[PDB]
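Chemist: Have a look at this one before I ask anything.
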Amino acid sequence: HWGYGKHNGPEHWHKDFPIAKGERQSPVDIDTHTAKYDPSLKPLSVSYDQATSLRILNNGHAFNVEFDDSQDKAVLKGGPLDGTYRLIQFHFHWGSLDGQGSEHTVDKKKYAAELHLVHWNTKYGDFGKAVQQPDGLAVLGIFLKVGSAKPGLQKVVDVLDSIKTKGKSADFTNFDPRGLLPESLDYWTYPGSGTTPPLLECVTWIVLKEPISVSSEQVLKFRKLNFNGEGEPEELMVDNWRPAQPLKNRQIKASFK
Ligand SMILES: Oc1cccccc1=S
Ligand SMILES: [Zn+2]
């Protein structure tokens with residue numbers, strides 16, 4: 001099955017998931033000089049005051065912080081979006097080294113990691129239906145650079161010992177995702193896809209310009225997680241990122257000059 005290794009990594013995924021070579025795949029390089037400022041783009045509305053986190057899961061490819069999405073509690077709207085998108089989970093992609101790990105790049109620059117806050121369009125009722133629609137998901141992408149610690153990340157880092165291996169979960173209530181956001185909500189936006197199989201082309205990407213800083217110790221702890229199950233040979237969960245894919249017939253828009 002798919003993964004991030006030599007024999008089952010991103011260069012292989014097209015054999016089981018032919019959409020890997022499609023017309024609106026993600027991630028992409030964000031060429032900041034080529035992105036066009038769109039003064040009609042609205043400010044992003046991030047409404048996380050009532051977010052209800054539930055659980056954290058190691059799925060064998062990343063860890064997901066899951067939310068109660070059975071009511072409009074943590075929603076994204078505005079920006080390039082029409083309508084209301086509910087937060088279902090967040091996750092990260094990260095490197096073996098601080099010089100790599102992000103999926104999106106900025107003028108070819110790679111960040112140490114990238115946080116994806118996954119939201120689904122409430123006009124489609126559930127996440128599973130939404131992923132079959134070209135406007136089904138909105139993913140807020142935030143870059144991580146190594147420097148000062150992010151205090152609001154530390155509760156995540158502290159639980160990772162309890163979900164070291166594939167299939168482990170832990171209760172993870174009362175986590176406030178507002179503590180992972182940078183100051184500015186200036187963004188880039190384009191149409192694309194999930195970055196893991198099944199690579200469905202259902203995502204409006206919203207990539208914040210301003211990274212967050214995390215400490216070297218925080219991202220070190222991400223790198224101690226395992227892709228394997230308990231009792232299987234240890235394979236560190238590192239370099240779980242897809243490289244940039246061809247832009248094809250797409251324009252990246254900027255909310256800012
Ligand atoms: O990595 C992902 C995993 C699962 C669902 C939706 C979006 C992304 S980027
Ligand atoms: Zn992702």
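Ordering of the structure tokens sets the chain letters (A, B, ...), residue numbers begin anew at 1 in every chain, and ligands are numbered from 1 in the order given.
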Using only C-alpha atoms and all ligand atoms, determine which residues fall within 10 Å of ligand 1, then list them as a ChimeraX atom specification.
Modeler: /A:26-27,61-64,88-93,103,114-120,127,131,137-141,192-200,202-203,205,240-242
Chemist: Take the selection from the previous step and output its residues with C-alpha atoms, as a compact mmCIF listing (two decimals), in the first residue's frame.
Modeler:
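Once everything was written out, this is out_38.txt:
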```txt
# COMPACT_ATOMS: atom_id res chain seq x y z
CA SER A 26 -1.32 19.55 -4.98
CA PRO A 27 0.99 20.76 -3.60
CA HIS A 61 1.11 8.44 7.53
CA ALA A 62 0.62 11.37 9.90
CA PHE A 63 -1.29 12.20 13.05
CA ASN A 64 -4.79 13.75 12.86
CA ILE A 88 -12.95 18.08 10.69
CA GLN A 89 -9.25 17.57 11.45
CA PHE A 90 -5.79 19.04 11.32
CA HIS A 91 -2.52 17.31 10.55
CA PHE A 92 1.07 18.14 9.54
CA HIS A 93 3.59 17.09 7.02
CA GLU A 103 4.49 20.39 0.68
CA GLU A 114 3.27 22.41 6.99
CA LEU A 115 -0.04 22.33 9.01
CA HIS A 116 -3.22 21.48 7.15
CA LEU A 117 -6.55 22.44 8.73
CA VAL A 118 -9.11 20.45 6.80
CA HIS A 119 -12.67 21.77 6.36
CA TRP A 120 -15.64 20.45 4.37
CA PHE A 127 -16.86 14.80 4.58
CA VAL A 131 -14.57 14.95 -1.20
CA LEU A 137 -12.94 20.97 0.90
CA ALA A 138 -11.11 24.07 2.03
CA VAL A 139 -7.65 23.41 3.44
CA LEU A 140 -5.93 26.18 5.39
CA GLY A 141 -2.20 25.58 5.00
CA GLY A 192 -6.09 21.66 -6.12
CA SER A 193 -6.23 18.33 -4.39
CA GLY A 194 -5.54 16.41 -1.19
CA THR A 195 -1.87 15.62 -1.02
CA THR A 196 -2.28 12.02 0.04
CA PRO A 197 -4.04 9.22 -1.75
CA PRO A 198 -6.74 9.24 -2.99
CA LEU A 199 -5.56 12.65 -4.15
CA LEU A 200 -9.10 13.85 -4.88
CA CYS A 202 -11.80 18.70 -4.22
CA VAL A 203 -9.67 21.25 -2.37
CA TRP A 205 -6.24 25.75 -0.99
CA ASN A 240 5.73 12.44 4.88
CA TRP A 241 5.44 15.18 2.27
CA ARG A 242 4.54 15.09 -1.46
```
Chemist: Quick one: DSSP strand (DSSP E or B) residues in range 77-227 of chain A, as a VMD selection string?
Modeler: chain A and resid 77 to 78 85 to 94 105 to 106 109 113 to 121 137 to 146 169 to 171 187 to 192 203 to 208 212 to 214 226
Chemist: Put those residues in a file: C-alpha atoms, as a short mmCIF file (atom, residue, chain, number, x, y, z; two decimals), in the first residue's frame.
Modeler:
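Produced file result25.cif, reproduced below:
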```
data_model
loop_
_atom_site.label_atom_id
_atom_site.label_comp_id
_atom_site.auth_asym_id
_atom_site.auth_seq_id
_atom_site.Cartn_x
_atom_site.Cartn_y
_atom_site.Cartn_z
CA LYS A 77 -15.63 31.05 5.37
CA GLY A 78 -14.99 34.23 3.37
CA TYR A 85 -16.80 24.95 5.72
CA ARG A 86 -16.57 22.90 8.94
CA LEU A 87 -13.27 21.89 10.54
CA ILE A 88 -12.95 18.08 10.69
CA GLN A 89 -9.25 17.57 11.45
CA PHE A 90 -5.79 19.04 11.32
CA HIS A 91 -2.52 17.31 10.55
CA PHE A 92 1.07 18.14 9.54
CA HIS A 93 3.59 17.09 7.02
CA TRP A 94 7.26 17.34 8.04
CA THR A 105 6.99 25.81 -1.45
CA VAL A 106 7.42 29.62 -1.75
CA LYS A 109 11.77 27.49 -0.50
CA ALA A 113 6.76 21.45 8.15
CA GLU A 114 3.27 22.41 6.99
CA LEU A 115 -0.04 22.33 9.01
CA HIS A 116 -3.22 21.48 7.15
CA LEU A 117 -6.55 22.44 8.73
CA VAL A 118 -9.11 20.45 6.80
CA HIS A 119 -12.67 21.77 6.36
CA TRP A 120 -15.64 20.45 4.37
CA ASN A 121 -18.44 22.37 2.67
CA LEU A 137 -12.94 20.97 0.90
CA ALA A 138 -11.11 24.07 2.03
CA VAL A 139 -7.65 23.41 3.44
CA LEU A 140 -5.93 26.18 5.39
CA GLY A 141 -2.20 25.58 5.00
CA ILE A 142 0.31 27.14 7.41
CA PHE A 143 4.09 26.87 7.15
CA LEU A 144 6.32 25.99 10.11
CA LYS A 145 9.81 27.36 10.50
CA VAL A 146 12.20 26.34 13.19
CA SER A 169 -5.33 6.98 19.33
CA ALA A 170 -5.70 9.09 22.41
CA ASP A 171 -8.37 11.33 23.84
CA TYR A 187 -3.04 34.22 1.91
CA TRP A 188 -2.55 32.68 -1.49
CA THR A 189 -5.33 30.55 -3.01
CA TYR A 190 -5.68 28.07 -5.85
CA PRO A 191 -7.72 25.02 -6.82
CA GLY A 192 -6.09 21.66 -6.12
CA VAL A 203 -9.67 21.25 -2.37
CA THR A 204 -9.72 25.08 -2.42
CA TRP A 205 -6.24 25.75 -0.99
CA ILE A 206 -5.78 28.76 1.25
CA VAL A 207 -1.99 29.06 2.12
CA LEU A 208 -1.09 31.68 4.67
CA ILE A 212 4.57 30.05 12.49
CA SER A 213 7.74 29.44 14.41
CA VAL A 214 8.22 26.16 16.31
CA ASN A 226 6.50 5.75 13.72
#
```
Chemist: Which residue out of A:136, A:101, A:80, A:125 has the minimum interatomic distance to ligand 2 when only C-alpha atoms and all ligand atoms are used?
Modeler: A:101
Chemist: Looking only at alpha helix (DSSP H) from DSSP on the backbone, list the matching residues of range 83-218 of chain A as a list in words.
Modeler: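 Of range 83-218 of chain A, only residues 127, 128, 129, 130, 154, 155, 156, 157, 158, 159, 216, 217 and 218 of chain A fall in alpha helix (DSSP H).
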Chemist: Deliver the residues from the most recent selection as a file, using N, CA, C and O atoms, as a PDB file, in the first residue's frame.
Modeler:
```
ATOM      1  N   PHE A 127     -18.230  14.763   5.194  1.00  0.00           N
ATOM      2  CA  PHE A 127     -16.860  14.802   4.584  1.00  0.00           C
ATOM      3  C   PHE A 127     -16.803  13.864   3.405  1.00  0.00           C
ATOM      4  O   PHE A 127     -16.281  14.216   2.332  1.00  0.00           O
ATOM      5  N   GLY A 128     -17.390  12.645   3.540  1.00  0.00           N
ATOM      6  CA  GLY A 128     -17.306  11.678   2.462  1.00  0.00           C
ATOM      7  C   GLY A 128     -17.981  12.099   1.174  1.00  0.00           C
ATOM      8  O   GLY A 128     -17.473  11.784   0.089  1.00  0.00           O
ATOM      9  N   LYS A 129     -19.115  12.804   1.286  1.00  0.00           N
ATOM     10  CA  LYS A 129     -19.747  13.338   0.120  1.00  0.00           C
ATOM     11  C   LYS A 129     -18.932  14.529  -0.436  1.00  0.00           C
ATOM     12  O   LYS A 129     -18.685  14.645  -1.669  1.00  0.00           O
ATOM     13  N   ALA A 130     -18.458  15.390   0.471  1.00  0.00           N
ATOM     14  CA  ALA A 130     -17.728  16.595   0.074  1.00  0.00           C
ATOM     15  C   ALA A 130     -16.526  16.288  -0.730  1.00  0.00           C
ATOM     16  O   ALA A 130     -16.263  17.014  -1.731  1.00  0.00           O
ATOM     17  N   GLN A 154       2.332  22.923  22.048  1.00  0.00           N
ATOM     18  CA  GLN A 154       2.960  22.022  22.939  1.00  0.00           C
ATOM     19  C   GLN A 154       2.052  20.950  23.447  1.00  0.00           C
ATOM     20  O   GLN A 154       2.493  19.833  23.593  1.00  0.00           O
ATOM     21  N   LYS A 155       0.748  21.232  23.639  1.00  0.00           N
ATOM     22  CA  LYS A 155      -0.120  20.136  24.040  1.00  0.00           C
ATOM     23  C   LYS A 155      -0.183  18.963  23.013  1.00  0.00           C
ATOM     24  O   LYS A 155      -0.414  17.810  23.344  1.00  0.00           O
ATOM     25  N   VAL A 156      -0.069  19.342  21.734  1.00  0.00           N
ATOM     26  CA  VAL A 156       0.047  18.267  20.682  1.00  0.00           C
ATOM     27  C   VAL A 156       1.329  17.505  20.864  1.00  0.00           C
ATOM     28  O   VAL A 156       1.338  16.289  20.873  1.00  0.00           O
ATOM     29  N   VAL A 157       2.425  18.237  20.959  1.00  0.00           N
ATOM     30  CA  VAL A 157       3.750  17.545  21.068  1.00  0.00           C
ATOM     31  C   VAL A 157       3.769  16.612  22.275  1.00  0.00           C
ATOM     32  O   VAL A 157       4.273  15.478  22.151  1.00  0.00           O
ATOM     33  N   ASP A 158       3.136  17.029  23.377  1.00  0.00           N
ATOM     34  CA  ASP A 158       3.209  16.233  24.592  1.00  0.00           C
ATOM     35  C   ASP A 158       2.491  14.941  24.520  1.00  0.00           C
ATOM     36  O   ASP A 158       2.860  14.017  25.234  1.00  0.00           O
ATOM     37  N   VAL A 159       1.444  14.830  23.730  1.00  0.00           N
ATOM     38  CA  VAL A 159       0.659  13.576  23.611  1.00  0.00           C
ATOM     39  C   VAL A 159       1.284  12.549  22.631  1.00  0.00           C
ATOM     40  O   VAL A 159       0.785  11.420  22.513  1.00  0.00           O
ATOM     41  N   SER A 216      13.101  23.694  17.627  1.00  0.00           N
ATOM     42  CA  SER A 216      13.742  22.503  17.141  1.00  0.00           C
ATOM     43  C   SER A 216      13.248  21.338  17.966  1.00  0.00           C
ATOM     44  O   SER A 216      13.072  20.237  17.431  1.00  0.00           O
ATOM     45  N   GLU A 217      13.038  21.481  19.274  1.00  0.00           N
ATOM     46  CA  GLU A 217      12.584  20.391  20.123  1.00  0.00           C
ATOM     47  C   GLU A 217      11.157  19.919  19.763  1.00  0.00           C
ATOM     48  O   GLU A 217      10.826  18.726  19.873  1.00  0.00           O
ATOM     49  N   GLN A 218      10.282  20.867  19.429  1.00  0.00           N
ATOM     50  CA  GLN A 218       8.938  20.511  19.001  1.00  0.00           C
ATOM     51  C   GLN A 218       8.967  19.636  17.765  1.00  0.00           C
ATOM     52  O   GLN A 218       8.287  18.613  17.696  1.00  0.00           O
TER      53      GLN A 218
END
```
Chemist: Within 10 Å of residue 167 in chain A, counting only C-alpha atoms, which residues qualify if same-chain residues fewer than 3 places away don't, as JSON, numbers by chain?
Modeler: {"A": [57, 58, 59, 60, 63, 163, 164, 227, 228, 229, 230]}
Chemist: What's the separation between CA of residue 108 in chain A and CA of residue 256 in chain A, in Å to one decimal place?
Modeler: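 So the two atoms, CA of residue 108 in chain A and CA of residue 256 in chain A, lie 19.7 Å apart.
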Chemist: Tell me which protein, DNA and RNA residues are within 12 Å of residue 11 in chain A, counting only C-alpha atoms, leaving out same-chain ones fewer than 2 positions away, and put them as a PDB file with N, CA and C atoms, in the first residue's frame.
Modeler:
```pdb
ATOM      1  N   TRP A   2       0.272   2.387  -0.286  1.00  0.00           N
ATOM      2  CA  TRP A   2       1.041   3.620  -0.497  1.00  0.00           C
ATOM      3  C   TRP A   2       1.731   4.090   0.772  1.00  0.00           C
ATOM      4  N   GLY A   3       2.821   4.804   0.557  1.00  0.00           N
ATOM      5  CA  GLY A   3       3.506   5.446   1.677  1.00  0.00           C
ATOM      6  C   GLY A   3       4.462   6.502   1.196  1.00  0.00           C
ATOM      7  N   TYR A   4       5.588   6.630   1.880  1.00  0.00           N
ATOM      8  CA  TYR A   4       6.566   7.609   1.564  1.00  0.00           C
ATOM      9  C   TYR A   4       7.954   7.057   1.354  1.00  0.00           C
ATOM     10  N   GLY A   5       8.032   5.745   1.212  1.00  0.00           N
ATOM     11  CA  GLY A   5       9.333   5.092   1.015  1.00  0.00           C
ATOM     12  C   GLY A   5       9.762   5.015  -0.458  1.00  0.00           C
ATOM     13  N   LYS A   6      10.936   4.376  -0.689  1.00  0.00           N
ATOM     14  CA  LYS A   6      11.457   4.224  -2.047  1.00  0.00           C
ATOM     15  C   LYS A   6      10.563   3.413  -2.991  1.00  0.00           C
ATOM     16  N   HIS A   7       9.835   2.440  -2.438  1.00  0.00           N
ATOM     17  CA  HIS A   7       9.082   1.612  -3.272  1.00  0.00           C
ATOM     18  C   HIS A   7       7.637   1.893  -3.281  1.00  0.00           C
ATOM     19  N   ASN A   8       7.144   2.821  -2.435  1.00  0.00           N
ATOM     20  CA  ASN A   8       5.718   3.022  -2.390  1.00  0.00           C
ATOM     21  C   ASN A   8       5.404   4.561  -2.234  1.00  0.00           C
ATOM     22  N   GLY A   9       6.421   5.383  -2.489  1.00  0.00           N
ATOM     23  CA  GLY A   9       6.311   6.850  -2.257  1.00  0.00           C
ATOM     24  C   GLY A   9       5.627   7.544  -3.445  1.00  0.00           C
ATOM     25  N   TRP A  13       2.518   6.567  -6.648  1.00  0.00           N
ATOM     26  CA  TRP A  13       1.136   6.644  -6.327  1.00  0.00           C
ATOM     27  C   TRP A  13       0.208   6.628  -7.536  1.00  0.00           C
ATOM     28  N   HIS A  14       0.675   7.084  -8.670  1.00  0.00           N
ATOM     29  CA  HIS A  14      -0.154   7.083  -9.859  1.00  0.00           C
ATOM     30  C   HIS A  14      -0.666   5.733 -10.356  1.00  0.00           C
ATOM     31  N   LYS A  15       0.056   4.701  -9.948  1.00  0.00           N
ATOM     32  CA  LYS A  15      -0.392   3.335 -10.379  1.00  0.00           C
ATOM     33  C   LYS A  15      -1.656   2.936  -9.705  1.00  0.00           C
ATOM     34  N   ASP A  16      -1.851   3.167  -8.407  1.00  0.00           N
ATOM     35  CA  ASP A  16      -3.141   2.933  -7.806  1.00  0.00           C
ATOM     36  C   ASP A  16      -4.134   4.080  -7.886  1.00  0.00           C
ATOM     37  N   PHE A  17      -3.600   5.319  -8.089  1.00  0.00           N
ATOM     38  CA  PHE A  17      -4.440   6.538  -8.014  1.00  0.00           C
ATOM     39  C   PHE A  17      -4.087   7.396  -9.238  1.00  0.00           C
ATOM     40  N   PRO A  18      -4.620   7.057 -10.449  1.00  0.00           N
ATOM     41  CA  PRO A  18      -4.173   7.698 -11.644  1.00  0.00           C
ATOM     42  C   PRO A  18      -4.392   9.223 -11.653  1.00  0.00           C
ATOM     43  N   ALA A  20      -3.243  11.118  -9.684  1.00  0.00           N
ATOM     44  CA  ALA A  20      -1.965  11.720  -9.342  1.00  0.00           C
ATOM     45  C   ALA A  20      -1.393  12.528 -10.445  1.00  0.00           C
ATOM     46  N   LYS A  21      -1.688  12.174 -11.714  1.00  0.00           N
ATOM     47  CA  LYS A  21      -1.212  12.950 -12.855  1.00  0.00           C
ATOM     48  C   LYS A  21      -2.258  13.863 -13.411  1.00  0.00           C
ATOM     49  N   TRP A 241       5.828  14.089   3.123  1.00  0.00           N
ATOM     50  CA  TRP A 241       5.439  15.181   2.272  1.00  0.00           C
ATOM     51  C   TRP A 241       5.497  14.753   0.831  1.00  0.00           C
ATOM     52  N   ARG A 242       4.534  15.206   0.004  1.00  0.00           N
ATOM     53  CA  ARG A 242       4.544  15.093  -1.458  1.00  0.00           C
ATOM     54  C   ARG A 242       5.252  16.276  -2.024  1.00  0.00           C
ATOM     55  N   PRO A 243       6.131  16.149  -2.986  1.00  0.00           N
ATOM     56  CA  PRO A 243       6.768  17.312  -3.629  1.00  0.00           C
ATOM     57  C   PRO A 243       5.796  18.100  -4.501  1.00  0.00           C
ATOM     58  N   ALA A 244       6.188  19.264  -4.873  1.00  0.00           N
ATOM     59  CA  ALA A 244       5.429  20.117  -5.772  1.00  0.00           C
ATOM     60  C   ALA A 244       5.117  19.456  -7.105  1.00  0.00           C
ATOM     61  N   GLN A 245       3.902  19.652  -7.560  1.00  0.00           N
ATOM     62  CA  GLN A 245       3.354  19.096  -8.746  1.00  0.00           C
ATOM     63  C   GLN A 245       3.173  20.178  -9.786  1.00  0.00           C
TER      64      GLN A 245
END
```
Chemist: For a quick check of understanding, using only C-alpha atoms and all ligand atoms, which of A:104, A:248, A:223, A:55 has the smallest distance to ligand 2?
Modeler: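 Result for the nearest residue to ligand 2: A:104.
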Chemist: Hey, what's within 7 Å of residue 47 in chain A if we count only C-alpha atoms and toss same-chain stuff fewer than 4 positions away? As a PyMOL selection string, please?
Modeler: chain A and resi 74-76
Chemist: Nearest to residue 32 in chain A: which of A:252, A:177, A:225, A:211 is it, counting only C-alpha atoms?
Modeler: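 Going through A:252, A:177, A:225, A:211 one by one, the smallest distance to residue 32 in chain A is for A:252.
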Chemist: Expressed in Å to a single decimal, how great is the separation between CA of residue 176 in chain A and CA of residue 99 in chain A?
Modeler: 28.0 Å
Chemist: How many Å lie between CA of residue 224 in chain A and CA of residue 12 in chain A, rounded to one decimal?
Modeler: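 Rounded to one decimal, the two atoms are 25.3 Å apart.
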